[PDB]
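Undergrad: I would like to see how this sequence folds:
(chains A, B, C, D, E, F, G, H and I, ligands or ions: 4)
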Amino acid sequence: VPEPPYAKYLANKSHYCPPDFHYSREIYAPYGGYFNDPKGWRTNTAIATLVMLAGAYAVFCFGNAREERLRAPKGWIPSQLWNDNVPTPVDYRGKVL
Amino acid sequence: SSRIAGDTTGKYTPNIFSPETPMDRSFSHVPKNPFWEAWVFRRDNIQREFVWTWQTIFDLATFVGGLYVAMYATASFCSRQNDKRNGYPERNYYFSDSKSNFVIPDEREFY
Amino acid sequence: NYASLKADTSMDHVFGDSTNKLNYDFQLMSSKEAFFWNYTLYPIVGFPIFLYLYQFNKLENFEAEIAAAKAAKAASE
Amino acid sequence: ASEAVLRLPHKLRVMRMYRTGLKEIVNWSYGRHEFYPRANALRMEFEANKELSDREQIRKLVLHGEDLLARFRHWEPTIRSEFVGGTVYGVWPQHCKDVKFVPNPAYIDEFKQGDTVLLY
Amino acid sequence: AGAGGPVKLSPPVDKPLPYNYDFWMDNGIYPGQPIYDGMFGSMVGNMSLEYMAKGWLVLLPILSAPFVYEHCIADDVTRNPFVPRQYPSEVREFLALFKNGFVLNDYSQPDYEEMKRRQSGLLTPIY
Amino acid sequence: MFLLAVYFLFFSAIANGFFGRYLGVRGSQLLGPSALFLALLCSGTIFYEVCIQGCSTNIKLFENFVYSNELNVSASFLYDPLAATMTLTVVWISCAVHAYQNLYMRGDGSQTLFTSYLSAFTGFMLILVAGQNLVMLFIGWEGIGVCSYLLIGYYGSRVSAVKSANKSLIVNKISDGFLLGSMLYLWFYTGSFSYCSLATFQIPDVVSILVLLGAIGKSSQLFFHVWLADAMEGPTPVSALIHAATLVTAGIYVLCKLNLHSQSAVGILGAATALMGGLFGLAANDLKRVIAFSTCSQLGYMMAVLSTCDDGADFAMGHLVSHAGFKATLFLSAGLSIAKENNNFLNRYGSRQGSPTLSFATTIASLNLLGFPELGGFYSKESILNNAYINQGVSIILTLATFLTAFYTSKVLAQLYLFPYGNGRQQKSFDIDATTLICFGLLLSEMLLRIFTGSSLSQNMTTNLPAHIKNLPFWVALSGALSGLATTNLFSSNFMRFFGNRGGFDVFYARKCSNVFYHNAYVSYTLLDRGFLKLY
Amino acid sequence: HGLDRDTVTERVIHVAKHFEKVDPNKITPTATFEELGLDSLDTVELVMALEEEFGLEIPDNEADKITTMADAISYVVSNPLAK
Amino acid sequence: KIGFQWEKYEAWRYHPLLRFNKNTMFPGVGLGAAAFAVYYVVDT
Amino acid sequence: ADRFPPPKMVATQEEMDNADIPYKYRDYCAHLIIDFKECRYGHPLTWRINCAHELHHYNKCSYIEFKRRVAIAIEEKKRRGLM
Ligand SMILES: CCCCCCCCCCCCCCCCCC(=O)O[C@@H](COC(=O)CCCCCCCCCCCCCCC)COP(=O)(O)OCC[N+](C)(C)C
Ligand SMILES: CCCCCCCCCCCCCCCCCCCC(=O)O[C@H](COC(=O)CCCCCCCCCCCCCC)COP(=O)(O)OCCN
Ligand SMILES: CCCCCCCCCCCCCCCCCCCC(=O)O[C@H](COC(=O)CCCCCCCCCCCCCC)COP(=O)(O)OCCN
Ligand SMILES: CCCCCCCCCCCC(=O)SCCNC(=O)CCNC(=O)[C@H](O)C(C)(C)COP(=O)(O)O
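TA: Numbering: from 1, shown residues only, chains lettered A, B, ... in the order given. Ligands and ions are numbered 1, 2, ... in the order given. Structure data below:
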């Protein structure tokens, strides 16, 4: 059947799409199409990574503000590098470090 | 044999005289089956086939009335236990015949 | 209008014919069997109810027996 | 035996028994190596009674073999994945053409879309 | 090939439908199924419920035999050749509080009776 | 720092499932594994801080999540030693599965949505594990339940898959109803939902039974194990996650977090589940189903060990974390085997040239399952078996379960590798990329590290037992393995058929419970409201 | 994949050779099983062996209709899942 | 022998590349054993 | 019980709390389990090789305590007349 005019606006079958598999190309889904691989995907992934790291920075600030250690660690912990509310370590015998 | 009815530009006109069938909202309507329609009609009008039989009375009583009786008995037992728990006098419930007038506890009183 | 009632026979040779039908009568459990299984499973569902009933009866019986022995001890004495 | 097997003629009924027996040998085996001796044994079991002409004895053998094949039906049939009863049957079924898609749906009579209360 | 495999389409209904046809689940592919497999139709392995009940009747006595001896026949003194773990008094008194503890079975202790009655505690809250 | 891992997983879920159109299939194949790798670094930091250095942390995100009169609950995360260990194990396995799905799911349409489901699935597991109060645990519990529902039924055009998802949903609904009852009991008589004030030395039996009934759901025990076998309908990456860490372990984690269980019930139920799971795995002919029944058996061991001793909770958790590794490896290798052979049945597998890494991973995971000495699984299983000697009934059943486990494990190994080729003469192939090799390297590193670091503090603590008693599990496992290699017949055809039907638990439900359910529906609707109470 | 007749013919002829009774020149692209010397129980084994050769499952009612070398090739050609 | 010659029809299953290799299932066990032997000599 | 008296408790309450020893581990062996705990968490991955002396000492004291438990069991059982 002669493909409808809007078929030009619709995108092609991707490389990952099996040649036998047929799907309706007009259907829109937020998670993507049947095999995706859009043009410009690399820039979108870079933007997504930037947003991920910025949100990680915000979450890191929030958690550090709300991270409460009420019992001294037995030894040195990595959190001492970035958070100043860590109690001074005391070992199993009881000696302060 | 088909044409696009909708126009995003806003210049939409319904071609009631068009030789080609418009791709309107009815384009995607489900075709439907004769026997499925009669099954739907039968299932909705199931009161026509209702017959009072001893088996029907047995089922209705044993499940519906049985569940009501069980729930009422359980609720009465829970009320009795709560009255013993709270220290209240036995409460005058509607179908319980009690010679006490205690219904609502006094907040001011210590029980 | 209505959907076609004619089936597609293209894949019968690959996946088998549709001649074989279900043997179910599409009828429900008998009333007698249903009574037994409702009055068996529903109590199993309400297992806390019977535990509470058992303990409450035990508590009340022990309390009443204590009261009776107390009456006996407070009558003579 | 099912009704469809019973309605079959004698020749085809014995053929069905042999086919089902071979498939159940495949299902109850642990490997292809077990299959061959057991397949030869089933071969000999059918060949032993092929020359009988007494109808009543033949009916007895067919009925007993049908009961045996009914009891030893495997809980887990070994079926190729792409066929009915297989794992990959219907995973992503190929979607057919001629699909009814309505373009620009919200722009068909946009102002007047809604339900109306018609009265006499 | 995972995607694009051929499928058989279930035939359209051509006869009056039973009232309880909702017990049949059909998505349009040929092998339709009951709502719960085993409710009706073909049985896996051609085994009925009676067969499974008889098999369970055979199994249960053998499976229950190890458990019944220790739980019922055996007693705390004869269950094991040793007494429960011995603790200092301060630790033992706290550990004996736990109804699900393991020091409640110490028959050497002079509080054995009270500990056993604690272990067999209340079924439901009194209040 | 502690919050970061959950953020990374939920970001992966949102990014892949809502903006996957922009990211693409490749975009998922980067953002998923990278985010879970970052979460793995964060989880490693958490594990070092909390477990090794004994530094628990509490993070309160916000207060008054529910504030109605006295009822008050807050969204808070407490990373205690149990939580750090489960978090590390879960994130490690989930990063591995995300590496695995890049090549396995390439032939699937919605790979981005699959990655998004996997990442939210891990995130809800970490919410369950790290919650400081019962409500956060319930949130994670229901989140993993719904994610399992959306992952098992991924193939919607298969009636079996959607019915399996419905089965999982309904069974889990019953279980969390019992848990919600126990939660309400504990709030009423303790004053709080937090685990700190949750402590009760004496608890009435009803609360214990409700807790146990809720736990036996996700940790599929007897009468609640029906969903686990049917959960095979989903894609292989789903099966690995659900059986290794997320779903099955949650009940054991709940039982260990709150020690309100009763010794008599847990030991009997666990031993029965272990024996029944081994017996069911004997009959099975799908590769994937045998491993699920083995998961059931291992869950039975872990539940049984709680009854034995005070250290039973530690032993159960150690076996939990050890089991996640080799079980996840077993599912991933089985899934690769299915893809390479286009087959699910053990009969048609056979010797064929392949990758040395995958065969070695399968061999080592199966050896850990069997109990091969000086392995991570060996120690975590002997810690249970040796300490269960005091409970005579439990110990016997667990030893027979060890025999059965050895038998079917060795049978599966012989059928996959030692047996001659059983599949047909057709072009079948699945070439493995470096990403799958990194996945199996991560699993093998987990297995190797488990030996050096151990599972429990009292793992090598002496159980004062005679030598012939202590080394008995090895002999039983060896005898089971030798009998499995010979592929001998152990039971009569009647009992083999009985085990193939998994005890007929589902057929009983079909014939009695479901029919009564729909007869109650018939009485309620047809006879009464559309019958007696409907006008002509 | 629609497999061409020439290959299907070669593979069905290859399978048919393994019966000892059948003489290697009697099997032709168009020959009934009776002229080859095959019995009914033998035809069962040949239909099954065709099932391994082309990696397909023959539903039984069609399996009865296969009695000739010709129609077996036709059935294999018809099948889109034949390998 | 009467019947289809099943084993002759499937004689390709003994292909050199369809046989079991100890190295594939146990890749570096020998190297570990040799290293343990050397370390045994050192430790003793 | 009286015949086989408890041993002296070397570990004190403040030491057990400072080592964060759970109450279940406070069983007349607590000092040795403090040693084993500190050495095990000192060596996160080499504790199996490095921490063997402390584990040996703990296992030895636990063995002695287990013998005391069995002796108490025998004394109680003979007192009741069961043997
Ligand atoms: C806890 C704090 C952080 C919260 C983050 C939650 C994680 C993501 C939450 C996103 C919103 C949750 C609800 C999303 C919509 C629910 C529908 C859905 O999830 O999937 C849709 C469609 O999916 C979407 O388009 C949106 C999903 C985006 C991300 C979803 C993550 C998983 C949902 C989390 C579960 C919600 C938890 C609720 C209970 C706590 C339908 O999927 P299927 O029925 O499986 O069919 C898909 C087609 N196929 C057959 C091929 C599989
Ligand atoms: C014509 C229509 C009617 C005809 C058919 C009716 C047939 C139904 C009859 C049986 C119904 C179930 C039994 C309940 C009634 C029992 C007899 C009532 C007398 C009674 O209250 O005894 C109490 C029953 O226990 C209890 O408290 C209730 C226990 C049973 C409830 C649990 C079993 C089902 C669970 C399913 C859930 C339903 C409840 C949900 C909350 C215990 O005596 P007492 O110590 O309380 O002293 C109270 C002094 N009489
Ligand atoms: C290891 C811990 C325990 C694991 C589970 C053990 C369960 C043991 C229960 C089975 C053993 C006792 C069975 C009762 C004796 C019946 C013996 C004959 C059976 C019989 O004649 O009728 C059957 C009734 O179903 C029945 O027998 C149903 C009774 C079952 C009671 C409910 C217990 C839960 C069972 C769940 C798993 C068991 C599956 C097998 C029962 C089949 O009935 P029909 O369909 O032919 O009727 C006709 C439809 N008009
Ligand atoms: C997993 C366990 C497997 C279960 C196996 C159980 C199977 C039971 C096997 C034993 C049952 C029998 O022998 S059933 C044997 C029934 N006996 C007869 O039918 C005698 C008459 N024979 C004939 O008419 C023809 O020779 C005919 C044979 C039809 C062929 O036709 P051809 O001359 O053209 O080849």
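Undergrad: for the closest residue to residue F:531 other than its chain neighbours, what are its contacts?
TA: Counting by CB to CB, 6 or more residues apart in numbering or on different chains, residue B:50 is the residue found nearest to residue F:531 once chain neighbours are left out, at 4.2 Å. Just so you know, the C-beta spots here come from the backbone N, C-alpha and C atoms, and that holds for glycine as well. By CB atoms under 8 Å, 6 or more residues apart in numbering or on different chains, the contact list for residue B:50 reads B:56, F:526-527, F:531-532, F:534.
Undergrad: switch the cut-off to 10 Å
TA: B:56, F:526-528, F:530-534, F:536 (CB atoms under 10 Å, 6 or more residues apart in numbering or on different chains).
Undergrad: Look up how far residue F:477 lies from it.
TA: 64 Å (CB to CB, to the nearest Å).
Undergrad: distance of the most centrally placed residue in chain I from ligand 4?
TA: Chain I has residue I:29 as the residue nearest its centroid, 2.6 Å off, counting by CA atoms, centre = their mean. Residue I:29 is 61 Å from ligand 4, where distance means CB to the nearest ligand atom, to the nearest Å.
Undergrad: Make sure that residue is actually in contact with residue I:57.
TA: Yes - using CB atoms under 10 Å, residue I:29 makes contact with residue I:57 at a distance of 9.3 Å.
Undergrad: Now the common contact residues for these two.
TA: residue I:36.
Undergrad: what about the helices in the chain?
TA: You didn't pick a chain, so chain A it is. Applying DSSP state H to chain A gives helices spanning A:41-66.
Undergrad: not quite, I wanted chain H
TA: H:6-9, H:22-25, H:29-43.
Undergrad: If we go by neighbour counts, what in the first one is buried?
TA: In this case it means helix H:6-9. H:6-7, H:9 (16 or more other CB atoms under 10 Å in any protein chain shown).
Undergrad: What about residue C:6, how many residues nearby?
TA: Around residue C:6 there are 9 other residues, counting by other CB atoms under 10 Å in any protein chain shown.
Undergrad: I meant to write residue E:124 there.
TA: 18.
Undergrad: So which residues on chain D come close to chain B?
TA: By CB under 10 Å from any CB of the partner chain, the residues of chain D that approach chain B are D:99-111, D:113.
Undergrad: Which one of those sits in the busiest neighbourhood?
TA: residue D:108 (20 neighbours).
Undergrad: Please list all residues in contact with residue 63.
TA: Picked chain A for this. A:83, F:1-4, F:7, F:57, F:59, F:61, F:77.
Undergrad: Chain E is the one I meant
TA: E:56, F:268, F:271-272, F:275-276, F:393, F:397, F:400.
Undergrad: Selection in PyMOL covering whichever of the residues you listed are buried, please.
TA: Entered in PyMOL, the line below selects the buried ones among the contacts of residue E:63, by 16+ other CB under 10 Å:
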select buried, chain F and resi 268+271+272+275+276+393+397+400
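Undergrad: Of the contacts of residue E:63, which is the nearest to residue I:76?
TA: Residue I:76 lies nearest to residue F:393 out of the contacts of residue E:63, by CB to CB, at 23.9 Å.
Undergrad: excluding its backbone neighbours, what's nearest the residue nearest to the centre of chain I?
TA: residue I:61 (4.9 Å).
Undergrad: Surely the one you found is in contact with residue I:31?
TA: Yes - contact criterion CB under 10 Å: residue I:61 and residue I:31 qualify, at 8.7 Å.
Undergrad: Can you pull the residues that touch both of the two?
TA: Common neighbours of residue I:61 and residue I:31 (CB under 10 Å, 6+ apart) are residue I:10.
Undergrad: what's the closest non-adjacent residue to residue F:45?
TA: Nearest to residue F:45 is residue A:78, by CB to CB, 6+ apart, at 5.5 Å.
Undergrad: check contacts around the one you found.
TA: A:86, F:1, F:44-46, F:48-49, F:53.
Undergrad: Which of those fall within helices?
TA: Using DSSP H, these in helices are F:44-46.
Undergrad: okay, the residues you listed in a markdown table with distance to residue F:205 and neighbour count next?
TA: As requested, those are arranged in a markdown table below (distance: CB to CB, whole Å; neighbours: other CB atoms under 10 Å in any protein chain shown):
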| residue | distance to residue F:205 | neighbour count |
| --- | --- | --- |
| F:44 | 42 | 17 |
| F:45 | 42 | 19 |
| F:46 | 37 | 26 |
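Undergrad: how about the longest helix anywhere in chain G, does it get close to chain H?
TA: For chain G, the helix reaching the highest residue count under DSSP H is reported as helix G:40-54. Yes - applying CB under 10 Å from any CB, one finds that helix G:40-54 is in contact with chain H at G:41-42, G:44-46, G:48-49, G:52-53.
Undergrad: ok, of those, which one's closest to residue F:286?
TA: Of all the residues of helix G:40-54 next to chain H, residue F:286 sits closest to residue G:52, with 20.4 Å by CB to CB.
Undergrad: and the closest residue to that closest one other than its chain neighbours, how many neighbours?
TA: Of all residues not flanking residue G:52 in the chain, residue F:424 sits nearest, at 5.7 Å (CB to CB, 6+ apart). A count of nearby residues for residue F:424, using other CB under 10 Å, gives 18.
Undergrad: tell me the contacts of residue F:424?
TA: D:80, F:341-343, F:348, G:51-55, G:83, H:10 are the contacts of residue F:424 under CB under 10 Å, 6+ apart.
Undergrad: now residue B:85, what's its secondary structure?
TA: Using DSSP: H, G, I helix; E, B strand; the rest coil, the structure places residue B:85 in helix.
Undergrad: circling back: and the contacts of residue F:424 as JSON lines, adding distance to residue C:56 and neighbour count?
TA: Formatted as JSON lines, these follow (distance: CB to CB, whole Å; neighbours: other CB under 10 Å):
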{"residue": "D:80", "distance to residue C:56": "62", "neighbour count": "21"}
{"residue": "F:341", "distance to residue C:56": "63", "neighbour count": "23"}
{"residue": "F:342", "distance to residue C:56": "63", "neighbour count": "23"}
{"residue": "F:343", "distance to residue C:56": "60", "neighbour count": "23"}
{"residue": "F:348", "distance to residue C:56": "62", "neighbour count": "20"}
{"residue": "G:51", "distance to residue C:56": "69", "neighbour count": "16"}
{"residue": "G:52", "distance to residue C:56": "70", "neighbour count": "17"}
{"residue": "G:53", "distance to residue C:56": "75", "neighbour count": "20"}
{"residue": "G:54", "distance to residue C:56": "73", "neighbour count": "21"}
{"residue": "G:55", "distance to residue C:56": "69", "neighbour count": "19"}
{"residue": "G:83", "distance to residue C:56": "71", "neighbour count": "17"}
{"residue": "H:10", "distance to residue C:56": "73", "neighbour count": "20"}
